[PDB]
């Protein structure tokens, strides 16, 4: 399922992520855009033999057990397959386990490279949220 940004933003915002751990809404929306380009079905395989799942490319070495990564801690405690639903709920409750661990939104590569230091409010304008 592909998200229109406002459709994404309102669901992140209804799920309480606007300014959750100091990160305003713009941040969450910009990182989903560069991390999966608003596609909850996105996948990516890194050099560690580990995959990123869905909308907020959550990695399987740590966050979920995918079955295929031998170093898992599966910290949001979910099947990485849940992270690919059409519905962001799990991606968000897990994305919330992530930003609360001492690293902050820098644990999203695309965020630190594409969103850190640009005006992220440009992502929710026009939306009525």
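Positions refer to the first chain, counted from 1.
A summary of the deposited B-factors shows that, of 22 to 30 and 74 to 82, the stretch with the larger mean C-alpha value is 74 to 82. Higher mean CA B-factor, judged across 34 to 42 and 61 to 69 from the recorded values: 61 to 69.
Ranked against the other modelled residues of its chain, the C-alpha B-factor of residue 93 as given in the entry falls in the middle third. The entry lists a Cα temperature factor for residue 128 that places it in the highest third of the chain's modelled residues.
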